[PDB]
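**Student:** Sequence, then the experimental structure. Questions to follow.
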Amino acid sequence: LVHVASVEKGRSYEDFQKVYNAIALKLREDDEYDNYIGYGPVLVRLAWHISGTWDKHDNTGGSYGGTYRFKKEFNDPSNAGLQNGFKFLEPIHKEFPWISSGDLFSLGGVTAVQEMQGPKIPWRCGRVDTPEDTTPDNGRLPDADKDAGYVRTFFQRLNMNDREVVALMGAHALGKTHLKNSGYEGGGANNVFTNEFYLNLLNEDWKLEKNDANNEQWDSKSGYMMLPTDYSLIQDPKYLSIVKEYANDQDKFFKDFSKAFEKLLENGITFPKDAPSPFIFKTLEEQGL
Ligand code: HEM
Ligand SMILES: Nc1ncnc2ccccc12
C-alpha cells in the first residue's frame, strides 16, 4: 500500500503561502473562541488526530487521504470537539478549492504552531483525497487514562521513539481539556507555544483528584491540570530525563518538536525524488501583515 504525493496541478510555494495567510488572518480575527483562547490549539489537535490514525505495519490511516471528512472518522468519539476546527477551515477550503483535504488539515496545524510563536515547521504538499472506504475504523487514537508503558507502546505504531514522544507531548502546553469532549476538565487558557508543559510538570505540586465525569486527573493549586498520560512522563525514568532536558533548553525543544511534528504529518507518504523541497512559510508578522 503506497501513497504517492502528487502536487496539486500547477501549484507552487506562493499558492500555499496564500492559504497559510488566509488561515493565519482568520486565526487573528476569530479570537473569542473558547474563552479567548482562539482556534490555534484545536487546529493543532486536528492535524495530530488526522495523522495519528496511521499504522506503520500496513500503511493504513495517516494524513494522506483526508479521511476525516467522512462520517466514520468525523464521528469518532476520540475526535469530539474537532468539528470546531473543521468549521473554521471550511470557508478557507471554499476560497481555495484546489487544495486537498489532507493538505489543508495538516497546513492548519503548521500555521497554528507558527502563528502561536512556535518553531518553523517545514511542510510538504501533495496529499491526495482518497475514497470513503479508505477511512480507518475508530479506536486508533490514544486513551488518556493510562501509564507510561501504554504511551510507549502506542507510539511505536507511529514509529515514534521516546524523544519524539516527549517532544510531541509538549503541545499540551496549548489549550485545555473540556469535560463534554473528553471527560477531563481544565488546563487554563494558553495560546502561546512555549516549553511550559515541562516546567509545569516538574515544578507544580500535583494532587490526584476525581473530576465531575468520575475520571482521575492531576490538579495543582495554581489551577493547572495533567492527564494521567501527561503525568506518566515524570514517572518513567527515560521520559523524565527528556522532560528535564526540554525544561532547561527551549531551543532544543523547538527543534525537536519541529522534526517530530513534520514526521507525524508525513508518515505514510512517499515523496518522489523530483518532488518540491519542503516549504517554510513566513508568519504574518514576518510579512508585516
Ligand atoms: C498519549 C497521547 C495523547 C493523549 C492521550 C491526548 C489526550 C488529549 C485530550 C484528552 C485532550 C482534551 C480534548 C478536549 O477535551 O477538548 C487533548 C487536547 C489537546 N491535545 Fe492531546 N493527547 C495526546 C497527544 C497529543 C499530541 C501528540 C499532540 C500534538 C502534537 C496533542 C495536542 C493537543 C492539543 C493542542 C490539545 C488542545 C485542544 C483544545 O484546546 O481544544 N495531543 N489531548
Ligand atoms: N493545558 C494542558 N495542560 C496539561 N495537559 C493538557 C492536556 C491536553 C490539553 C491541554 C493540556
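**Tutor:** Arrived safely. Numbers count the residues shown, from 1 in each chain. Ligands and ions are numbered 1, 2, ... in the order given.
**Student:** Pull the contacting residues for whichever residue of the chain sits closest to ligand 1.
**Tutor:** At 2.1 Å from ligand 1, residue 175 is the closest residue in the chain, using Cβ to the nearest ligand atom. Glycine gets a C-beta too; all of them are placed from N, C-alpha and C. Residues near residue 175 by Cβ atoms under 8 Å, 6 or more residues apart in numbering: 34, 37, 40, 41, 42, 44, 45, 187, 190, 191.
**Student:** Can you give me the buried ones in the strand or helix carrying residue 251?
**Tutor:** In the assignment (DSSP states H and E), residue 251 maps to helix 250-266. The neighbour-count check on helix 250-266 (16 or more other Cβ atoms under 10 Å) flags 253, 254, 256, 257, 258, 259, 260, 261, 262, 264, 265, 266 as buried.
**Student:** ok so, going back, does the residue of the chain closest to ligand 1 belong to a helix, a strand or coil?
**Tutor:** Recorded secondary structure, residue 175: coil (DSSP: H, G, I helix; E, B strand; the rest coil).
**Student:** Likewise for residue 6?
**Tutor:** At residue 6, secondary structure determined by three-state DSSP is coil.
**Student:** For ligand 2, give me its nearest residue in the stretch 51-200 of the chain.
**Tutor:** residue 187 (2.9 Å).
**Student:** those strands in the stretch 1-150 of the chain, which residues are they?
**Tutor:** Shown for the stretch 1-150 of the chain, the strands assigned by DSSP state E, counting those that start in this stretch span residues 3-4.
**Student:** Can you get me a residue count around the residue lying closest to residue 213 once chain neighbours are set aside?
**Tutor:** Excluding the flanking residues, the one nearest residue 213 by Cβ to Cβ, 6 or more residues apart in numbering is residue 183, at 3.8 Å. For residue 183, the count of nearby residues is 17 (other Cβ atoms under 10 Å).
**Student:** picking up where we left off before, and the helix or strand that the helix holding residue 251 is followed by, which strands flank it?
**Tutor:** Sequence-wise, the next helix or strand downstream of helix 250-266 (DSSP H and E) is strand 269-270. Neighbouring strands of strand 269-270 in its sheet, by DSSP bridges, are strand 3-4 (parallel).
**Student:** And stretch 189-207, end to end?
**Tutor:** For stretch 189-207, the separation between the terminal residues is 20 Å (Cα to Cα, to the nearest Å).
**Student:** I meant to write stretch 229-248 there.
**Tutor:** First-to-last distance for stretch 229-248 - Cα to Cα - comes to 21 Å.
**Student:** which of the residues in it are buried?
**Tutor:** 229-234, 236, 239-240, 242-243, 245-247.
**Student:** Could you do stretch 93-103 as well?
**Tutor:** Buried residues in stretch 93-103, counted by 16+ other Cβ under 10 Å: 93, 96, 99, 100, 101, 102, 103.
**Student:** What lies in contact with it?
**Tutor:** For stretch 93-103, the surrounding residues in contact (Cβ under 8 Å, 6+ apart) are 8-9, 11, 15-16, 18-19, 22, 50, 63-66, 68-69, 104, 107, 125-129.
**Student:** Could you do stretch 223-239 as well?
**Tutor:** 142-152, 162, 165-166, 169, 172, 177, 184-188, 197, 200-202, 204, 206, 216-219, 240, 242-243.
**Student:** Inside helices: which ones of the residues you listed?
**Tutor:** 148-152, 162, 165-166, 169, 197, 200-202, 240, 242-243 (DSSP state H).
**Student:** Pull out the buried residues from stretch 123-134.
**Tutor:** 123, 124, 125, 126, 127, 128, 130, 134.
**Student:** Quick check: the second one touching residue 266?
**Tutor:** Yes - the criterion here is Cβ atoms under 8 Å, and residue 124 meets it with residue 266 at 6.5 Å.
**Student:** Kindly report the residues of this protein close to ligand 2.
**Tutor:** 172, 175, 176, 177, 187, 188, 225, 226, 227, 230 (Cβ under 6 Å from any ligand atom).
**Student:** Now a ChimeraX select for only the buried ones of those.
**Tutor:** The ChimeraX selection below is limited to those of the residues of the chain next to ligand 2 classed as buried (16+ other Cβ under 10 Å):
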select :172,175,176,177,187,225,226,227,230
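**Student:** which one of the residues of the chain next to ligand 2 sits closest to residue 273?
**Tutor:** Minimum distance to residue 273 across the residues of the chain next to ligand 2 is 36.6 Å, recorded for residue 172 (Cβ to Cβ).
**Student:** Spatially, what comes nearest to the closest one if we skip its sequence neighbours?
**Tutor:** In space, and not counting its chain neighbours, residue 172 is closest to residue 197: 5.1 Å by Cβ to Cβ, 6+ apart.
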